[PDB]
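This report concerns only the one structure given below.
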Amino acid sequence: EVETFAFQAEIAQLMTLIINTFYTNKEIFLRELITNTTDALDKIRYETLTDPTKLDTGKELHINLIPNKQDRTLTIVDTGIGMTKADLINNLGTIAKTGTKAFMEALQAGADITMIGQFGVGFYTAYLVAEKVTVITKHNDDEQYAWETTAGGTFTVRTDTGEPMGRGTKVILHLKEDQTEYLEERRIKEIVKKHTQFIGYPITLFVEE
Ligand SMILES: CCNC(=O)c1noc(-c2cc(Cl)c(O)cc2O)c1-c1ccc(CN2CCOCC2)cc1
């Protein structure tokens with residue numbers, strides 16, 4: 001029931017660079033994941049212009065940020081178009097071989113890690129703060145799947161038996177021990193205000209008891 005895949009060499013190389021390079025401005029991961037959510041939400045809205053039934057899986061269009069200090073996880077949930085199994089396998093709906101190669105070439109020329117989104121591979125910035133990332137997703141044309149990687153050159157894909165999502169993507173960041181500031185309400189609010197003020201969807205930061 002669990003399939004294990006090797007990353008393409010270039011993507012493994014970029015993930016190692018992200019994990020091993022000294023770079024203090026780690027907060028940019030949240031801007032990148034919220035940006036991906038906003039793009040996925042725009043995609044389902046665009047499809048709904050010609051087929052209103054595309055929203056039968058959920059009419060709410062939103063992004064939720066759910067910190068969990070007990071599990072040391074930060075979960076980003078959106079109700080966007082979601083990814084099929086093929087999209088997960090194809091580097092989470094990106095042309096990441098091309099993007100990761102171009103980004104690493106720009107870094108060699110003096111660009112910085114914060115420019116990752118310009119290369120269409122911003123998702124991998126999750127590894128600045130997370131030791132493991134789980135991506136649960138549901139697209140109207142496929143079943144609910146879980147993608148997961150702790151880097152190390154491979155990722156797994158499995159059918160998800162967890163809480164059904166209806167439609168969209170949930171990114172669960174299992175944070176590194178020294179990166180728990182990203183579970184603090186004031187810190188998350190600061191990052192969203194700084195980097196995501198023009199995202200056209202409600203971003204709700206959940207409170208913990
Ligand atoms: C059917 C095609 N599906 C989607 O595009 C989709 N569905 O769900 C997502 C998604 C991916 C990730 Cl990594 C998130 O963090 C959030 C999200 O909603 C996606 C995204 C996949 C990839 C991307 C990144 N862009 C891909 C195209 O080039 C610019 C960067 C954004 C969203």
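Throughout, residue positions are numbered sequentially from 1 according to the sequence presented. Values reported hereafter were calculated over all heavy atoms of this structure, with side chains retained and with hydrogens, waters and symmetry mates removed.
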Trace of the side chain to side chain donor-acceptor pair (under 3.5 Å) decision for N91 with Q8: CA-CA 9 Å; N91 301 302; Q8 287 173 275; 2.9 Å; yes
Heavy-atom side-chain proximity of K26 to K176 below 4.5 angstrom: yes
With sequence neighbours excluded, residues passing side chain to side chain contact (heavy atoms under 4.5 Å, CB included) with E184: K69, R187
Rounded distance (nearest 0.5 Å) linking atom CG of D142 with atom CG of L88: 8.5 Å
For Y46, all residues meeting side chain to side chain contact (heavy atoms under 4.5 Å, CB included), sequence neighbours excluded: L49
Note, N140 side chain near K54 side chain (heavy atom, < 4.5 Å): yes
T159: partners by side chain to side chain contact (heavy atoms under 4.5 Å, CB included), with sequence neighbours left out: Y145
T21 side chain near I113 side chain, heavy-atom distance below 4.5 Å: yes
Set of side chain to side chain contact (heavy atoms under 4.5 Å, CB included) partners for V207, sequence neighbours left out: none
Close side-chain approach of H174 and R72, heavy atoms under 4.5 Å: no
Which residues share a side chain to side chain donor-acceptor pair (under 3.5 Å) with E185, sequence neighbours left out: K189
Validation row: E131, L175 side chains within 4.5 angstrom (heavy atoms): no
Any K138 side-chain heavy atom under 4.5 Å of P164 side chain: no
Residue pair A126 / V133: nearest heavy atoms and the distance that separates them: CB-CG2, 3.9 Å
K101/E105 ion pair, N-O < 4.0 Å: yes
Donor-acceptor under 3.5 Å (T48 side chain, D51 main chain): no
Basic-acidic side-chain contact under 4.0 Å: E27, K194: yes
Evaluation steps, side chain to side chain donor-acceptor pair (under 3.5 Å), between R45 and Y201: CA-CA 12 Å; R45 289 175 77 181; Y201 295 99; 3.0 Å; yes
Result of checking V192, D78, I76 against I203 for side-chain contact (heavy atoms from CB on, under 4.5 Å): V192
Residue pair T100, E10: steps toward the side chain to side chain donor-acceptor pair (under 3.5 Å) verdict: CA-CA 6 Å; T100 64; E10 290 83 1; 5.9 Å; no
Among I63, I188, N64, the one residue meeting side-chain contact (heavy atoms from CB on, under 4.5 Å) with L205: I188
Whether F155 and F5 hold their rings parallel, tilted or perpendicular, with breakpoints at 30° and 60°: parallel
Heavy-atom check, side chain of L65 versus side chain of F206, under 4.5 Å: no
Check: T156 and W147 side chains under 4.5 Å, non-hydrogen atoms: no
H139 side-chain N/O to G82 backbone N/O, donor-acceptor pair under 3.5 Å: yes
Partner set under side chain to side chain donor-acceptor pair (under 3.5 Å) for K85, not counting sequence neighbours: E3
Side chain to side chain donor-acceptor pair (under 3.5 Å) involving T75 - partner list, sequence neighbours excluded: none
Ring-ring centroid check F29 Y182, cutoff 6.0 Å: yes
